[PDB]
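Okay, here we've got a single chain as structure tokens, the form deposited in one PDB entry, with questions on binding and movement later.
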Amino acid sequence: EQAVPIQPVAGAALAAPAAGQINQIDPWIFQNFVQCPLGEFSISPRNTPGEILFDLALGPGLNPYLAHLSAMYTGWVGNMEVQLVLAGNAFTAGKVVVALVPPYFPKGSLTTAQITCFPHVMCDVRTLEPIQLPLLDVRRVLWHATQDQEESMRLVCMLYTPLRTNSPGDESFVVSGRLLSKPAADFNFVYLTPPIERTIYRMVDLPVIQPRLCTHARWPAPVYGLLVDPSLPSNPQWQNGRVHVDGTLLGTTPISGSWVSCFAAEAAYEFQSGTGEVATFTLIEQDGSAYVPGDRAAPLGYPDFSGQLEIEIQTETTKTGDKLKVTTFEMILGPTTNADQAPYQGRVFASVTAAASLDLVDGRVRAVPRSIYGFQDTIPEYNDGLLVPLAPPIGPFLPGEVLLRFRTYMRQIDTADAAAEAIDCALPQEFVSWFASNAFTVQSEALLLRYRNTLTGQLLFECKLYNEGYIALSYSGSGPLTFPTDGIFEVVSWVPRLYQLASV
């Protein structure tokens, strides 16, 4: 334990008068150093001084045992003990500084000159034993609330003096560092409350479903494969299948997978002595509601591709030659306009080459897709020719990383090509529903996933799932590569955005 210019901090002695209870923790927990989340770093000889190696806030989330225990309590108090472990031999050089930042220091960028003005310790990369530090509870309140995130003391480690070493011709040398912690003797909980299952210290989990038994987020068809291809555009701007990890739906994505590529509208039929019968649809919500224009490109579930598709609705005939018929229309979304389709304004048109008088009843219909002709993976004309609010394009990606896609095949009417079409998505609808319902709390930037075989257990690849809702693989090949669709995705831990993945 190093000497730092700081006073002792009182824990339960300050909180006892105004606390209903003071609860004790298992004494076996005070004897083990456990790995802290986001408490690891690697120093390379190509780093410049001033990089923040780690930044961790005091609280129950540092220890998994305390994070589990906090679900049955109302408050907490006390200090912690922290250990830093460095992996370097006797032929290295470089220095590191670990400082104690007070709870209310402003957030921003620090400088190596400024980091030494805090109570701090300076450590050489040749140190043998782990470095022990205290983490004290500097506060203006008597105790903290477990279900609320407040400001506490921070531990910040920054590179101070650059690493100087020799390296072999195959692999480059790095200095690894890890941080562990445990509660100090002065640490307590406050009030015994019934346990809560949805707490802020809850880890993200994924449904146990094979991708072959999932649904596609852009076209209503089962998923037929997952793959990766650097030749396709690396920054697509799809409006469907976008969802945040915390449970925020981005763009025009609906909760249910049946709303995909379909729209609900009220249809007015006008027979013209020229082209023929024309149906004009005024759009409404799929579940049934008034469409209020806002910051969305189109009503939820609207298709987000450019092409020629047909729709079928339920029609009632007023005259007496029949009583109920099912017809088929044709909607044009090609780069020709000439009909002024404005989904944002809440109106669209379609027509058929049908003779005679076929006036019908305007009583609201649901239009489902039938097929596509000349499909293009480009967003449609949400307005006349002008700009509309829409979700940002997928990205950014680190160098050497490429998006992983779930591909599926739709129908065709086109004559030229005869093999197949292909539409891709970033996540199946099951994941969208899972994230929307669970409403997790994101920690830093992204999650480390793991695709493993169901029965053999062999690891296939490791990827990164960003909070914006895309998966990136570290692939440095040339041609497209597909993967088996029988594995299960597993969550490992939270990782920083600048994290290097293992190559395929």
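Think of the rigid core as the biggest set of C-alphas that the two forms share within 1.5 Å after superposition. Position 1 is the first residue in the sequence shown; the rest follow in order.
Although not depicted, the form deposited in another entry is the subject of the following passage.
- Message: Let me spell it out: fit the two forms on their rigid core, measure each listed C-alpha, and pick the one of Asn383, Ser256, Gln114, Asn235 that moves 2 Å or more between this form and the one not shown. Which is it?
- Response: If I go through the list carefully, the shifting residue is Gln114.
- Large Cα shift (2 Å or above) at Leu449 between this form and the one not shown, core-fitted: Where the cores coincide, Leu449 shows only a C-alpha shift between this form and the one not shown that is less than 2 Å.
- Rigid core fit then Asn47 CA moved by 2 Å or more between this form and the one not shown: Indeed, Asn47 is displaced by 2 Å or more.
- Task: Could you tell me whether the Cα atom of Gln35 shifts by at least 2 Å between this form and the one not shown after core superposition?
- Result: After core superposition, the C-alpha of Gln35 moves 2 Å or more between this form and the one not shown.
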